[PDB]
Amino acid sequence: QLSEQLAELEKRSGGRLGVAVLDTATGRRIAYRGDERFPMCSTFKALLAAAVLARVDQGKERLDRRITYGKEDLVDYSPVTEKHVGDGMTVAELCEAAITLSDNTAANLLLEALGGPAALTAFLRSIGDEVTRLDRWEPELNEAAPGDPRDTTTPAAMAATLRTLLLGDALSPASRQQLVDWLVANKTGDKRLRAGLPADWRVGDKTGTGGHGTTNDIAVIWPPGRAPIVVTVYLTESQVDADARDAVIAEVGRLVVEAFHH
């Protein structure tokens, strides 16, 4: 039913819509184009922060380590890092900025601390994600060119990977709760999945936005009284405007709510 509603929603979206809903109460998944590749754009920053925290868990990184950088390290969309060229930022502060404000320079500095896009991809391979790949840095990874596999995931693979990292035991309990806290504190998603949820539904999300009419949102959501659900939404090649693409994701939110609580 939800799958058929998503097909109709795609007709209104002006583009190609991919959705996966993973219910951790039952382990059951509902998906629409769930095995098709979509551009991640900034949704990869959730995975980036998880890879940094995995290093912390292994004693190979510290949350309080200070990273210094210069004005020429700055790329566009860097609202937190552009303020701290003088004093630098800690690893924890860069993760917070990358997740909650989608800070691009913060993501590049964290990628540099990992060993780059190829290091993030290998991390994902190590935890059993055979599909997701990061190839480029900020901002070129947002190109979102149709037919280009670079910097892509599938909705089902991303949902499975988020389940493992945020809810399973790939990360330490402190690391997983910290990552969830950053996602719950996200400031960029108010018009997307969040806009489709009732107030008492706890939600952590990470948005992505890029070329070729690409608007994404990935989330973990706790409906009251139950186990959480992981929801990934990818919309690309969409010919409606940015606000309408946001509204498509908010409607996925409403459809999920109605599927799980009637």
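Residue numbers run from 1 along the displayed sequence.
Return whichever of 61-69 and 203-211 has the greater mean Cα B factor according to the PDB record.
Averaging CA B-factors over each stretch, the winner is 61-69.
If you take the mean CA temperature factor per stretch, which one wins between 75-83 and 177-185?
Here the higher of the two C-alpha B-factor means belongs to 75-83.
Between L110, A118, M158, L124, let me know which has the highest C-alpha B-factor in the entry?
That would be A118, according to the entry.
Which is it among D135, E138, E130, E143: the one with the largest CA B-factor in the entry?
It is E130.
For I99, the third of its chain into which the C-alpha B factor falls
Ranked within chain, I99 CA B lands in the lowest tercile.
According to the PDB entry, is the CA B factor of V91 in the bottom, middle or top third of its chain, that is, lowest, middle or highest?
According to the entry, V91 has a C-alpha B-factor in the chain's middle third.
Rank-wise, by C-alpha B-factor, drop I221 into the lowest, middle or highest third of its chain.
For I221, the deposited C-alpha B-factor lands in the middle third.
Select lowest, middle or highest to describe the third in which the CA B-factor of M40 falls within its chain in this entry.
Middle third of the chain for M40's C-alpha B-factor.
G15 CA temperature factor, ranked by third within the chain:
For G15, the deposited C-alpha B-factor lands in the middle third.
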